[PDB]
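Shown next: coords39.csv, given as CSV, C-alpha atoms.
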```csv
chain,number,residue,atom,x,y,z
A,196,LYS,CA,24.5,-28.8,2.8
A,197,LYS,CA,23.5,-28.8,-0.9
A,198,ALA,CA,19.8,-28.4,-0.1
A,199,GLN,CA,20.7,-25.7,2.4
A,200,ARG,CA,21.7,-23.5,-0.5
A,201,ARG,CA,18.6,-24.2,-2.6
A,202,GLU,CA,16.5,-22.8,0.3
A,203,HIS,CA,18.5,-19.5,0.4
A,204,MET,CA,17.7,-18.8,-3.3
A,205,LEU,CA,14.0,-19.5,-2.7
A,206,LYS,CA,13.8,-17.1,0.2
A,207,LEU,CA,15.7,-14.5,-1.8
A,208,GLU,CA,13.0,-14.8,-4.5
A,209,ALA,CA,10.3,-14.7,-1.9
A,210,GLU,CA,11.6,-11.6,-0.1
A,211,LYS,CA,12.1,-10.0,-3.6
A,212,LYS,CA,8.6,-10.8,-4.9
A,213,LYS,CA,7.4,-9.5,-1.6
A,214,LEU,CA,9.4,-6.2,-2.1
A,215,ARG,CA,7.8,-6.0,-5.6
A,216,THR,CA,4.3,-6.4,-4.3
A,217,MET,CA,5.1,-4.0,-1.5
A,218,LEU,CA,5.7,-1.0,-3.7
A,219,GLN,CA,2.8,-2.0,-5.8
A,220,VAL,CA,0.5,-1.8,-2.8
A,221,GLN,CA,2.1,1.4,-1.7
A,222,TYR,CA,1.4,2.9,-5.2
A,223,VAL,CA,-2.2,1.7,-4.9
A,224,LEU,CA,-2.9,3.3,-1.5
A,225,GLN,CA,-1.1,6.5,-2.3
A,226,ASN,CA,-3.0,7.5,-5.4
A,227,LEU,CA,-6.0,6.0,-3.6
A,228,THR,CA,-6.1,9.0,-1.4
A,229,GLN,CA,-6.9,11.1,-4.5
A,230,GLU,CA,-10.5,12.3,-4.6
A,231,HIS,CA,-11.1,11.6,-8.3
A,232,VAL,CA,-10.5,8.0,-7.6
A,233,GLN,CA,-13.0,7.5,-4.7
A,234,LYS,CA,-15.7,9.3,-6.6
A,235,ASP,CA,-14.9,7.2,-9.7
A,236,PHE,CA,-15.4,4.0,-7.7
A,237,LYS,CA,-18.9,5.3,-6.8
A,238,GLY,CA,-20.1,3.3,-9.8
A,239,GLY,CA,-16.9,2.5,-11.7
A,240,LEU,CA,-17.0,5.3,-14.2
A,241,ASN,CA,-13.5,5.0,-15.8
A,242,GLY,CA,-12.5,1.4,-15.4
A,243,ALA,CA,-13.0,1.2,-11.6
A,244,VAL,CA,-14.1,-2.2,-10.2
A,245,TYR,CA,-17.2,-1.1,-8.3
A,246,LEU,CA,-16.9,-1.1,-4.5
A,247,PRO,CA,-19.4,0.0,-1.9
A,248,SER,CA,-18.4,2.7,0.5
A,249,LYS,CA,-18.1,0.3,3.4
A,250,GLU,CA,-15.4,-1.5,1.5
A,251,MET,CA,-13.9,1.8,0.3
A,252,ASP,CA,-13.6,3.4,3.7
A,253,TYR,CA,-12.0,0.1,5.0
A,254,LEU,CA,-8.9,0.8,2.9
A,255,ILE,CA,-9.2,4.5,2.5
A,256,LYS,CA,-8.5,4.7,6.2
A,257,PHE,CA,-5.8,2.0,5.8
A,258,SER,CA,-4.1,4.3,3.2
A,259,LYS,CA,-4.1,7.0,5.8
A,260,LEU,CA,-2.9,4.4,8.4
A,261,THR,CA,-0.3,2.8,6.1
A,262,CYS,CA,1.3,5.8,4.3
A,263,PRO,CA,0.9,8.6,6.8
A,264,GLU,CA,2.5,11.9,7.5
A,265,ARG,CA,5.3,12.2,10.1
A,266,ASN,CA,4.4,12.8,13.8
A,267,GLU,CA,6.7,15.5,15.1
A,268,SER,CA,6.6,13.8,18.5
A,269,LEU,CA,7.7,10.5,16.9
A,270,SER,CA,11.1,9.6,15.5
A,271,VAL,CA,10.7,9.0,11.7
A,272,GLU,CA,12.5,5.7,12.3
A,273,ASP,CA,9.9,4.3,14.6
A,274,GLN,CA,7.1,5.7,12.4
A,275,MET,CA,8.4,3.5,9.6
A,276,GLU,CA,8.6,0.7,12.2
A,277,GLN,CA,4.9,1.0,12.8
A,278,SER,CA,4.0,1.3,9.1
A,279,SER,CA,6.3,-1.6,8.2
A,280,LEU,CA,4.5,-3.9,10.6
A,281,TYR,CA,1.1,-3.0,9.1
A,282,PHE,CA,2.4,-3.9,5.6
A,283,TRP,CA,3.8,-7.2,7.0
A,284,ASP,CA,0.6,-8.2,8.8
A,285,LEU,CA,-1.2,-7.5,5.5
A,286,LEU,CA,0.8,-10.0,3.4
A,287,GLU,CA,0.6,-12.6,6.2
A,288,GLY,CA,-3.1,-12.8,5.6
A,289,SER,CA,-3.6,-12.6,9.3
A,290,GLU,CA,-7.0,-12.1,11.0
A,291,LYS,CA,-6.2,-9.3,13.4
A,292,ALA,CA,-9.0,-6.7,13.6
A,293,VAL,CA,-8.2,-3.5,11.8
A,294,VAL,CA,-10.5,-0.6,10.9
A,295,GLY,CA,-13.3,-3.2,11.1
A,296,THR,CA,-12.1,-5.8,8.8
A,297,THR,CA,-9.4,-8.6,8.7
A,298,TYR,CA,-5.9,-8.7,7.2
A,299,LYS,CA,-6.9,-11.7,5.0
A,300,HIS,CA,-9.7,-9.8,3.4
A,301,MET,CA,-7.4,-6.7,3.0
A,302,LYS,CA,-5.0,-8.6,0.8
A,303,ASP,CA,-7.9,-10.0,-1.2
A,304,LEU,CA,-9.5,-6.6,-1.5
A,305,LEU,CA,-6.3,-5.0,-2.6
A,306,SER,CA,-5.5,-7.8,-4.9
A,307,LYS,CA,-8.8,-7.0,-6.6
A,308,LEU,CA,-7.3,-3.6,-7.6
A,309,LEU,CA,-4.0,-5.1,-8.3
A,310,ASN,CA,-5.7,-6.7,-11.4
A,311,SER,CA,-8.4,-4.1,-11.9
A,312,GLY,CA,-6.9,-1.8,-14.5
A,313,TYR,CA,-7.2,1.5,-12.5
A,314,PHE,CA,-3.8,0.7,-11.0
A,315,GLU,CA,-1.9,1.3,-14.3
A,316,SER,CA,-2.0,4.3,-16.6
A,317,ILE,CA,-4.2,6.6,-14.5
A,318,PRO,CA,-4.1,10.5,-14.3
B,196,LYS,CA,13.4,-29.2,15.1
B,197,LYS,CA,13.6,-26.8,18.1
B,198,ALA,CA,16.5,-24.8,16.6
B,199,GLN,CA,14.6,-24.7,13.3
B,200,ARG,CA,11.9,-22.5,15.0
B,201,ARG,CA,14.5,-20.1,16.5
B,202,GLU,CA,15.8,-19.4,13.0
B,203,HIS,CA,12.3,-18.5,11.7
B,204,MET,CA,11.9,-15.8,14.4
B,205,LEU,CA,15.3,-14.3,13.6
B,206,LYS,CA,14.5,-14.1,9.9
B,207,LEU,CA,11.2,-12.5,10.7
B,208,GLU,CA,13.0,-9.8,12.7
B,209,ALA,CA,15.6,-9.4,10.0
B,210,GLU,CA,13.0,-9.0,7.2
B,211,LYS,CA,11.1,-6.6,9.5
B,212,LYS,CA,14.1,-4.5,10.4
B,213,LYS,CA,14.8,-4.4,6.7
B,214,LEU,CA,11.3,-3.2,5.9
B,215,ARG,CA,11.7,-0.5,8.6
B,216,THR,CA,15.0,0.7,7.1
B,217,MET,CA,13.4,0.5,3.6
B,218,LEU,CA,10.8,3.1,4.2
B,219,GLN,CA,13.3,5.2,6.0
B,220,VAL,CA,15.6,5.2,2.9
B,221,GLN,CA,12.5,5.9,0.7
B,222,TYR,CA,11.7,8.9,2.9
B,223,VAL,CA,15.3,10.1,2.7
B,224,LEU,CA,15.4,9.9,-1.1
B,225,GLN,CA,12.0,11.3,-1.8
B,226,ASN,CA,12.4,14.6,0.2
B,227,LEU,CA,16.0,14.5,-1.2
B,228,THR,CA,14.6,15.5,-4.6
B,229,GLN,CA,13.5,18.8,-3.1
B,230,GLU,CA,15.6,21.8,-4.1
B,231,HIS,CA,15.9,23.5,-0.7
B,232,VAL,CA,17.7,20.3,0.5
B,233,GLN,CA,20.4,20.1,-2.1
B,234,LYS,CA,21.2,23.8,-1.8
B,235,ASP,CA,21.2,23.4,2.0
B,236,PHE,CA,23.9,20.7,1.7
B,237,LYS,CA,26.0,23.2,-0.3
B,238,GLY,CA,27.7,24.0,3.0
B,239,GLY,CA,25.3,22.5,5.6
B,240,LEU,CA,23.2,25.6,6.4
B,241,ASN,CA,20.4,24.1,8.5
B,242,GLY,CA,21.8,20.9,10.1
B,243,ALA,CA,22.9,19.3,6.8
B,244,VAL,CA,26.0,17.1,7.0
B,245,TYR,CA,28.2,18.7,4.3
B,246,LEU,CA,28.5,16.7,1.1
B,247,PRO,CA,30.4,17.7,-2.1
B,248,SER,CA,28.4,17.8,-5.3
B,249,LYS,CA,30.0,14.6,-6.6
B,250,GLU,CA,28.7,12.6,-3.6
B,251,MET,CA,25.3,14.5,-3.9
B,252,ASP,CA,24.8,13.8,-7.6
B,253,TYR,CA,25.6,10.1,-6.8
B,254,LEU,CA,22.4,9.7,-4.8
B,255,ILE,CA,20.4,12.6,-6.3
B,256,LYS,CA,20.4,10.4,-9.5
B,257,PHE,CA,19.7,7.3,-7.3
B,258,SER,CA,16.6,9.0,-5.9
B,259,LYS,CA,15.5,9.6,-9.5
B,260,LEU,CA,16.4,5.9,-10.2
B,261,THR,CA,15.0,4.4,-7.1
B,262,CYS,CA,11.7,6.3,-6.7
B,263,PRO,CA,10.8,7.2,-10.3
B,264,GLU,CA,7.6,8.0,-12.2
B,265,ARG,CA,5.7,5.4,-14.1
B,266,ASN,CA,6.7,4.5,-17.6
B,267,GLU,CA,3.5,4.3,-19.7
B,268,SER,CA,5.2,1.7,-21.9
B,269,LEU,CA,6.0,-0.4,-18.7
B,270,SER,CA,3.5,-2.3,-16.5
B,271,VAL,CA,3.6,-0.7,-13.0
B,272,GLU,CA,4.2,-4.1,-11.6
B,273,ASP,CA,7.5,-4.7,-13.4
B,274,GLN,CA,8.5,-1.1,-12.6
B,275,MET,CA,8.4,-1.9,-8.9
B,276,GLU,CA,10.2,-5.1,-9.8
B,277,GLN,CA,13.1,-3.0,-11.1
B,278,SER,CA,12.9,-0.5,-8.2
B,279,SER,CA,12.7,-3.3,-5.6
B,280,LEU,CA,15.9,-4.9,-7.0
B,281,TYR,CA,17.8,-1.6,-6.6
B,282,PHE,CA,16.8,-1.3,-3.0
B,283,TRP,CA,17.8,-4.9,-2.4
B,284,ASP,CA,21.2,-4.5,-4.0
B,285,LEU,CA,21.7,-1.5,-1.8
B,286,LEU,CA,21.1,-3.3,1.6
B,287,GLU,CA,23.3,-6.2,0.4
B,288,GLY,CA,26.3,-3.8,0.4
B,289,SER,CA,27.2,-5.2,-3.1
B,290,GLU,CA,29.9,-3.7,-5.3
B,291,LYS,CA,28.0,-3.5,-8.6
B,292,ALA,CA,28.7,-0.2,-10.5
B,293,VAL,CA,25.9,2.2,-10.3
B,294,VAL,CA,25.8,5.9,-11.3
B,295,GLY,CA,29.6,5.8,-10.8
B,296,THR,CA,29.8,4.5,-7.2
B,297,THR,CA,29.4,1.2,-5.4
B,298,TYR,CA,26.4,-0.2,-3.5
B,299,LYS,CA,28.5,-0.6,-0.3
B,300,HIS,CA,29.4,3.1,-0.4
B,301,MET,CA,25.7,3.9,-1.1
B,302,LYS,CA,24.5,2.3,2.2
B,303,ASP,CA,27.3,4.0,4.1
B,304,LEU,CA,26.5,7.4,2.4
B,305,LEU,CA,22.8,7.0,3.1
B,306,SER,CA,23.5,5.8,6.6
B,307,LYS,CA,25.3,9.1,7.1
B,308,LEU,CA,22.0,11.0,6.6
B,309,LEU,CA,20.1,8.3,8.5
B,310,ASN,CA,21.8,9.7,11.6
B,311,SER,CA,22.4,13.3,10.4
B,312,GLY,CA,19.4,15.1,11.7
B,313,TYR,CA,18.1,16.5,8.4
B,314,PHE,CA,16.0,13.3,8.1
B,315,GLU,CA,13.7,14.1,11.0
B,316,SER,CA,11.5,17.2,11.4
B,317,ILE,CA,12.3,19.0,8.2
B,318,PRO,CA,10.0,21.4,6.2
```

As structure tokens, how would this structure be written, given the file I've shared?
Amino acid sequence: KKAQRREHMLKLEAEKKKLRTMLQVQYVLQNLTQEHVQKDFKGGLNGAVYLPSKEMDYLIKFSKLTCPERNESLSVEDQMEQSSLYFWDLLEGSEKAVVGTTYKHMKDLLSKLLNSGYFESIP
Amino acid sequence: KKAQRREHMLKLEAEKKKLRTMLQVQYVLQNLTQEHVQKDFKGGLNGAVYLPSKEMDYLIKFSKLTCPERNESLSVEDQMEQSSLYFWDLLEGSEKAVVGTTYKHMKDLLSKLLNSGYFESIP
């Protein structure tokens, strides 16, 4: 019973560190939709880790897919349900096909801009 | 060992249903900062569950506290760390003092606009 309590604290730290990386990834993909960012990554002109347009469009569509606008025919609860599953499959490092890539490479690709420098202190 | 796998599926559904309610609450507090909303709840003029200004300012400051703008002196990773903890203390129904209310009443108050009607199909 003593080791049963040590596992509860570890999961709380895991689900919290997840929630931290969540909002980080949300911040990355929201400002990613800006146009001055995608043109900046054309050759990395202001601290952007260079990325070809194939790898850009991979997640530029994911940003549209993961942080979308509400469908008036869809309840805004089940919209978040769909968006929440996308985020969850991303952290799992799964290999389900999505927009032409894999969820494992998605986390790696987004982790590349989670240490780039464009993700903090940007216009 | 068989019952150990049934618990993993239940936690996955719990952490997913959490992630669903998360983004719902984020959507509630983001559009909450709009001015046409707080003036609408002055007497519920377009489907708004009436709320006095004490109970409004409780969460109108929480929205500023929970979905803020980045501090240039703070790394945008630890900013999300702080915001993630606020969301997590909210779902726990805790009783820590915050902006003059309690986290248990916060979830109840926000659950009142999670079934109101102003939270779907709004300008």

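In this model, the gap between atom CA of residue 280 of chain B and atom CA of residue 218 of chain A comes to 11.4 Å.
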
Exercise. Skip segment 251-256 of chain B itself and residues of its chain fewer than 5 positions away, then list as an MDAnalysis selection string all residues within 8 Å of it, counting only C-alpha atoms.
Key: chainID B and resid 224 227:228 233 246 294:296 301

Quiz item: How many Å lie between atom CA of residue 204 of chain A and atom CA of residue 306 of chain B, rounded to one decimal?
Solution: 27.1 Å

Fit result for chain A on chain B over all paired C-alpha atoms, given as a compact mmCIF listing (two decimals) with C-alpha atoms, in the coordinates of the input:
```
# COMPACT_ATOMS: atom_id res chain seq x y z
CA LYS A 196 13.43 -29.20 15.08
CA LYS A 197 13.59 -26.85 18.10
CA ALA A 198 16.42 -24.79 16.59
CA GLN A 199 14.54 -24.75 13.30
CA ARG A 200 11.96 -22.52 14.91
CA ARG A 201 14.47 -20.15 16.53
CA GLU A 202 15.80 -19.39 13.01
CA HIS A 203 12.29 -18.46 11.69
CA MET A 204 11.88 -15.77 14.40
CA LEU A 205 15.32 -14.33 13.59
CA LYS A 206 14.56 -14.03 9.91
CA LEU A 207 11.18 -12.50 10.72
CA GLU A 208 13.03 -9.82 12.73
CA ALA A 209 15.55 -9.40 9.98
CA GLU A 210 13.00 -9.01 7.17
CA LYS A 211 11.07 -6.59 9.51
CA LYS A 212 14.09 -4.43 10.42
CA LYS A 213 14.83 -4.45 6.75
CA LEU A 214 11.22 -3.23 5.94
CA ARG A 215 11.77 -0.49 8.59
CA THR A 216 14.99 0.69 7.07
CA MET A 217 13.43 0.45 3.64
CA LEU A 218 10.81 3.10 4.21
CA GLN A 219 13.33 5.16 6.01
CA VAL A 220 15.54 5.21 2.93
CA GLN A 221 12.58 5.83 0.73
CA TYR A 222 11.66 8.89 2.91
CA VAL A 223 15.26 10.09 2.61
CA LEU A 224 15.45 9.92 -1.20
CA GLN A 225 12.01 11.33 -1.73
CA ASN A 226 12.39 14.58 0.14
CA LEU A 227 15.95 14.51 -1.21
CA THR A 228 14.64 15.47 -4.55
CA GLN A 229 13.51 18.79 -3.02
CA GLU A 230 15.63 21.74 -4.12
CA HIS A 231 15.88 23.41 -0.69
CA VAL A 232 17.65 20.37 0.52
CA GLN A 233 20.41 20.13 -2.16
CA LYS A 234 21.16 23.81 -1.84
CA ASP A 235 21.24 23.44 1.97
CA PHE A 236 23.86 20.70 1.69
CA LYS A 237 26.01 23.18 -0.31
CA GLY A 238 27.63 24.01 3.03
CA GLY A 239 25.24 22.51 5.60
CA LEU A 240 23.25 25.59 6.40
CA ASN A 241 20.39 24.10 8.51
CA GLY A 242 21.79 20.97 10.06
CA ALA A 243 22.95 19.32 6.79
CA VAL A 244 26.06 17.08 7.02
CA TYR A 245 28.18 18.72 4.33
CA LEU A 246 28.59 16.73 1.11
CA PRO A 247 30.36 17.68 -2.08
CA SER A 248 28.39 17.70 -5.27
CA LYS A 249 30.06 14.58 -6.58
CA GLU A 250 28.66 12.72 -3.62
CA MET A 251 25.33 14.56 -3.91
CA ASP A 252 24.73 13.80 -7.55
CA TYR A 253 25.63 10.09 -6.82
CA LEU A 254 22.41 9.72 -4.82
CA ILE A 255 20.40 12.50 -6.29
CA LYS A 256 20.36 10.46 -9.46
CA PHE A 257 19.75 7.30 -7.37
CA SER A 258 16.61 9.04 -5.93
CA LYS A 259 15.46 9.56 -9.46
CA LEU A 260 16.49 5.91 -10.26
CA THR A 261 14.98 4.43 -7.07
CA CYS A 262 11.65 6.31 -6.68
CA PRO A 263 10.74 7.18 -10.24
CA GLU A 264 7.65 8.05 -12.15
CA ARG A 265 5.71 5.36 -14.06
CA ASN A 266 6.69 4.51 -17.68
CA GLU A 267 3.51 4.30 -19.70
CA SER A 268 5.17 1.63 -21.84
CA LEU A 269 5.97 -0.41 -18.70
CA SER A 270 3.57 -2.33 -16.48
CA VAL A 271 3.60 -0.67 -12.99
CA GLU A 272 4.22 -4.17 -11.62
CA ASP A 273 7.49 -4.65 -13.38
CA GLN A 274 8.50 -1.04 -12.63
CA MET A 275 8.29 -1.90 -8.94
CA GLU A 276 10.23 -5.09 -9.81
CA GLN A 277 13.08 -3.00 -11.10
CA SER A 278 12.98 -0.51 -8.21
CA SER A 279 12.72 -3.32 -5.66
CA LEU A 280 15.90 -4.91 -6.94
CA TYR A 281 17.80 -1.60 -6.65
CA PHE A 282 16.71 -1.29 -2.98
CA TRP A 283 17.79 -4.93 -2.38
CA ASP A 284 21.21 -4.56 -3.99
CA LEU A 285 21.66 -1.47 -1.79
CA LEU A 286 21.19 -3.27 1.55
CA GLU A 287 23.36 -6.19 0.35
CA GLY A 288 26.30 -3.85 0.33
CA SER A 289 27.20 -5.19 -3.04
CA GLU A 290 29.89 -3.68 -5.32
CA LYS A 291 28.01 -3.47 -8.59
CA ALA A 292 28.73 -0.22 -10.48
CA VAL A 293 25.91 2.26 -10.32
CA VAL A 294 25.86 5.93 -11.32
CA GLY A 295 29.64 5.79 -10.73
CA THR A 296 29.83 4.49 -7.30
CA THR A 297 29.33 1.12 -5.42
CA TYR A 298 26.37 -0.29 -3.48
CA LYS A 299 28.55 -0.61 -0.32
CA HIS A 300 29.37 3.04 -0.33
CA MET A 301 25.66 3.90 -1.07
CA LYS A 302 24.51 2.30 2.14
CA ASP A 303 27.28 4.05 4.04
CA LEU A 304 26.49 7.35 2.40
CA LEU A 305 22.84 7.03 3.13
CA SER A 306 23.46 5.83 6.59
CA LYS A 307 25.31 9.11 7.11
CA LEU A 308 21.95 10.92 6.60
CA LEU A 309 20.11 8.34 8.49
CA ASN A 310 21.86 9.77 11.63
CA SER A 311 22.38 13.30 10.36
CA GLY A 312 19.40 15.15 11.76
CA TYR A 313 18.03 16.53 8.41
CA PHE A 314 16.07 13.29 8.08
CA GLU A 315 13.66 14.14 10.96
CA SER A 316 11.58 17.25 11.49
CA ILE A 317 12.32 19.04 8.21
CA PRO A 318 9.98 21.43 6.19
```

Using all atoms listed in the file, find each residue in chain B having at least one atom no more than 12 Å away from chain A; report its shortest atom-to-atom pair and that distance in Å (one decimal), rows by chain then rising number, as a tab-separated table.
```
residue	atom	partner	partner_atom	distance
B:203	CA	A:206	CA	11.7
B:206	CA	A:206	CA	10.2
B:207	CA	A:283	CA	9.8
B:208	CA	A:280	CA	10.6
B:209	CA	A:210	CA	11.1
B:210	CA	A:210	CA	7.9
B:211	CA	A:279	CA	7.1
B:212	CA	A:276	CA	7.8
B:213	CA	A:279	CA	9.1
B:214	CA	A:279	CA	5.7
B:215	CA	A:276	CA	4.9
B:216	CA	A:275	CA	7.6
B:217	CA	A:275	CA	8.4
B:218	CA	A:275	CA	5.9
B:219	CA	A:275	CA	6.3
B:220	CA	A:272	CA	9.9
B:221	CA	A:275	CA	10.1
B:222	CA	A:271	CA	8.9
B:223	CA	A:271	CA	10.2
B:261	CA	A:218	CA	11.3
B:262	CA	A:218	CA	9.9
B:263	CA	A:222	CA	11.5
B:264	CA	A:222	CA	10.7
B:265	CA	A:316	CA	8.2
B:266	CA	A:316	CA	8.8
B:267	CA	A:316	CA	6.3
B:268	CA	A:316	CA	9.3
B:269	CA	A:315	CA	9.2
B:270	CA	A:315	CA	6.9
B:271	CA	A:315	CA	6.0
B:272	CA	A:219	CA	6.3
B:273	CA	A:215	CA	7.9
B:274	CA	A:215	CA	8.6
B:275	CA	A:215	CA	5.3
B:276	CA	A:215	CA	4.9
B:277	CA	A:215	CA	8.2
B:278	CA	A:215	CA	7.9
B:279	CA	A:215	CA	5.6
B:280	CA	A:211	CA	7.2
B:281	CA	A:214	CA	10.6
B:282	CA	A:214	CA	8.9
B:283	CA	A:211	CA	7.7
B:284	CA	A:211	CA	10.6
B:287	CA	A:207	CA	11.5
B:309	CA	A:272	CA	8.9
B:310	CA	A:272	CA	10.1
B:312	CA	A:271	CA	10.6
B:313	CA	A:271	CA	11.0
B:314	CA	A:271	CA	7.7
B:315	CA	A:271	CA	6.0
B:316	CA	A:267	CA	6.3
B:317	CA	A:267	CA	9.6
B:318	CA	A:265	CA	11.0
```

Residue subset to file, keeping C-alpha atoms, as a PDB file, keeping the file's coordinate frame:
```
ATOM      1  CA  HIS B 203      12.300 -18.500  11.700  1.00  0.00           C
ATOM      2  CA  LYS B 206      14.500 -14.100   9.900  1.00  0.00           C
ATOM      3  CA  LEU B 207      11.200 -12.500  10.700  1.00  0.00           C
ATOM      4  CA  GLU B 208      13.000  -9.800  12.700  1.00  0.00           C
ATOM      5  CA  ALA B 209      15.600  -9.400  10.000  1.00  0.00           C
ATOM      6  CA  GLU B 210      13.000  -9.000   7.200  1.00  0.00           C
ATOM      7  CA  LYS B 211      11.100  -6.600   9.500  1.00  0.00           C
ATOM      8  CA  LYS B 212      14.100  -4.500  10.400  1.00  0.00           C
ATOM      9  CA  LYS B 213      14.800  -4.400   6.700  1.00  0.00           C
ATOM     10  CA  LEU B 214      11.300  -3.200   5.900  1.00  0.00           C
ATOM     11  CA  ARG B 215      11.700  -0.500   8.600  1.00  0.00           C
ATOM     12  CA  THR B 216      15.000   0.700   7.100  1.00  0.00           C
ATOM     13  CA  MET B 217      13.400   0.500   3.600  1.00  0.00           C
ATOM     14  CA  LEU B 218      10.800   3.100   4.200  1.00  0.00           C
ATOM     15  CA  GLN B 219      13.300   5.200   6.000  1.00  0.00           C
ATOM     16  CA  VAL B 220      15.600   5.200   2.900  1.00  0.00           C
ATOM     17  CA  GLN B 221      12.500   5.900   0.700  1.00  0.00           C
ATOM     18  CA  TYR B 222      11.700   8.900   2.900  1.00  0.00           C
ATOM     19  CA  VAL B 223      15.300  10.100   2.700  1.00  0.00           C
ATOM     20  CA  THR B 261      15.000   4.400  -7.100  1.00  0.00           C
ATOM     21  CA  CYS B 262      11.700   6.300  -6.700  1.00  0.00           C
ATOM     22  CA  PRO B 263      10.800   7.200 -10.300  1.00  0.00           C
ATOM     23  CA  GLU B 264       7.600   8.000 -12.200  1.00  0.00           C
ATOM     24  CA  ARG B 265       5.700   5.400 -14.100  1.00  0.00           C
ATOM     25  CA  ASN B 266       6.700   4.500 -17.600  1.00  0.00           C
ATOM     26  CA  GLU B 267       3.500   4.300 -19.700  1.00  0.00           C
ATOM     27  CA  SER B 268       5.200   1.700 -21.900  1.00  0.00           C
ATOM     28  CA  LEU B 269       6.000  -0.400 -18.700  1.00  0.00           C
ATOM     29  CA  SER B 270       3.500  -2.300 -16.500  1.00  0.00           C
ATOM     30  CA  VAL B 271       3.600  -0.700 -13.000  1.00  0.00           C
ATOM     31  CA  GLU B 272       4.200  -4.100 -11.600  1.00  0.00           C
ATOM     32  CA  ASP B 273       7.500  -4.700 -13.400  1.00  0.00           C
ATOM     33  CA  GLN B 274       8.500  -1.100 -12.600  1.00  0.00           C
ATOM     34  CA  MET B 275       8.400  -1.900  -8.900  1.00  0.00           C
ATOM     35  CA  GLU B 276      10.200  -5.100  -9.800  1.00  0.00           C
ATOM     36  CA  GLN B 277      13.100  -3.000 -11.100  1.00  0.00           C
ATOM     37  CA  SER B 278      12.900  -0.500  -8.200  1.00  0.00           C
ATOM     38  CA  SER B 279      12.700  -3.300  -5.600  1.00  0.00           C
ATOM     39  CA  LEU B 280      15.900  -4.900  -7.000  1.00  0.00           C
ATOM     40  CA  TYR B 281      17.800  -1.600  -6.600  1.00  0.00           C
ATOM     41  CA  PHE B 282      16.800  -1.300  -3.000  1.00  0.00           C
ATOM     42  CA  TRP B 283      17.800  -4.900  -2.400  1.00  0.00           C
ATOM     43  CA  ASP B 284      21.200  -4.500  -4.000  1.00  0.00           C
ATOM     44  CA  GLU B 287      23.300  -6.200   0.400  1.00  0.00           C
ATOM     45  CA  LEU B 309      20.100   8.300   8.500  1.00  0.00           C
ATOM     46  CA  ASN B 310      21.800   9.700  11.600  1.00  0.00           C
ATOM     47  CA  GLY B 312      19.400  15.100  11.700  1.00  0.00           C
ATOM     48  CA  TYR B 313      18.100  16.500   8.400  1.00  0.00           C
ATOM     49  CA  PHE B 314      16.000  13.300   8.100  1.00  0.00           C
ATOM     50  CA  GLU B 315      13.700  14.100  11.000  1.00  0.00           C
ATOM     51  CA  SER B 316      11.500  17.200  11.400  1.00  0.00           C
ATOM     52  CA  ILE B 317      12.300  19.000   8.200  1.00  0.00           C
ATOM     53  CA  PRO B 318      10.000  21.400   6.200  1.00  0.00           C
TER      54      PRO B 318
END
```

Self-check item: Length of the atom CA of residue 202 of chain B to atom CA of residue 285 of chain A vector [Å]
Solution: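 For atom CA of residue 202 of chain B relative to atom CA of residue 285 of chain A, the distance reads 22.1 Å.
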
Centre, x/y/z edge lengths, axis-aligned box for segment 232-239 of chain A with 3 Å per side, as JSON:
```
{"center_x": -15.3, "center_y": 5.9, "center_z": -8.2, "size_x": 15.6, "size_y": 12.8, "size_z": 13.0}
```

Could you add N, CA and C atoms to segment 234-243 of chain B and give me the result as a compact mmCIF listing (two decimals), in the coordinates of the input?
```txt
# COMPACT_ATOMS: atom_id res chain seq x y z
N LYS B 234 20.49 22.58 -2.05
CA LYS B 234 21.20 23.80 -1.80
C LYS B 234 21.54 24.02 -0.35
N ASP B 235 20.84 23.35 0.57
CA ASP B 235 21.20 23.40 2.00
C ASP B 235 22.49 22.65 2.24
N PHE B 236 22.68 21.51 1.57
CA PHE B 236 23.90 20.70 1.70
C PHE B 236 25.09 21.33 0.96
N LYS B 237 24.91 22.48 0.30
CA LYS B 237 26.00 23.20 -0.30
C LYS B 237 27.11 23.50 0.72
N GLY B 238 26.71 23.80 1.95
CA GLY B 238 27.70 24.00 3.00
C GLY B 238 27.07 23.63 4.37
N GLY B 239 25.97 22.88 4.37
CA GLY B 239 25.30 22.50 5.60
C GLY B 239 24.81 23.76 6.35
N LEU B 240 23.70 24.34 5.90
CA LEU B 240 23.20 25.60 6.40
C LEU B 240 22.07 25.51 7.38
N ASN B 241 21.54 24.30 7.60
CA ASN B 241 20.40 24.10 8.50
C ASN B 241 20.46 22.74 9.14
N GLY B 242 21.64 22.26 9.50
CA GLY B 242 21.80 20.90 10.10
C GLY B 242 22.16 19.86 9.06
N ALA B 243 22.61 20.24 7.87
CA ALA B 243 22.90 19.30 6.80
C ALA B 243 24.41 18.87 6.96
```
